[PDB]
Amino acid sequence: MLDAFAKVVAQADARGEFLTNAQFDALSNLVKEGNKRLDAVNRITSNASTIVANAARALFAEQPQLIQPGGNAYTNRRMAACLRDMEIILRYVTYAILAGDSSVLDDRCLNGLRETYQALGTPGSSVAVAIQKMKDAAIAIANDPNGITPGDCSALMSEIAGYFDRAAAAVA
């Protein structure tokens, strides 16, 4: 598993190369902004149960077929399995937010996911909706201008949205 610093380290090693100042600066500016990355993880994690539960309620409100008898999310075992997937995906996304690199989400969560859903008949389209709803909730919470020193979280928020869209693409 790589964090953002290890990713640059590994790319330089494959070339046999010390780092350049462009690379030093890059990473060092990443550090300088680090408090914002901690607030984002703290904010999404601290609200995970709400993010999952509202996203799930929204999804089944939009796609009622999922919870009709016979629906892929009907019965309590399949509903809880759905909710579990929603927490797991949110979990691995926040891991990636902390790392600054997709690799932990990619290796331990996304790889093989689409084939998994294609195997159980779970509609990956609908998983994708659930992921986009969690994305909108998480970005609102993390980017919430209330209750935090004001500053520019914009590059970071584009990164977070990146990880969520990457999940959504992966499951459908």
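In this text, the rigid core denotes the largest set of C-alpha atoms whose superposition between the two forms falls within 1.5 Å. One rule holds for the numbers: they count along the sequence shown, beginning at 1.
K.L.:
Hey, after superposing on the core, which one moves around more in 8 other deposited structures of this protein, 22-30 or 134-142, CA-wise?
P.N.:
After superposing on the rigid core, the more displaced stretch in 8 other deposited structures of this protein is 22-30.
K.L.:
Comparing 35-43 with 109-117, which stretch shows the greater average C-alpha B-factor in the deposited entry?
P.N.:
Result: 109-117.
K.L.:
Would you mind comparing 48-56 and 23-31 for me and telling me which has the higher average C-alpha temperature factor in the entry?
P.N.:
The stretch with the larger average C-alpha B-factor is 23-31.
K.L.:
Ranking the modelled residues of this chain by C-alpha B-factor as given in the entry, is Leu98 in the lowest, middle or highest third?
P.N.:
It falls in the bottom third of the chain.
K.L.:
Thinking about Cα B factors across the chain, which third does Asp152 belong to?
P.N.:
Lowest third - that is where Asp152 ends up once the chain's C-alpha B-factors are sorted.
K.L.:
Can you tell me whether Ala73 has a C-alpha B-factor in the lowest, middle or highest third compared with the other modelled residues of the same chain?
P.N.:
Answer is highest: the recorded C-alpha B-factor places it there.
K.L.:
For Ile67, return the chain-relative third of its C-alpha B-factor as stated in the PDB record: lowest, middle or highest.
P.N.:
As the PDB entry reports it, the C-alpha B-factor of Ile67 lands in the highest third of its chain.
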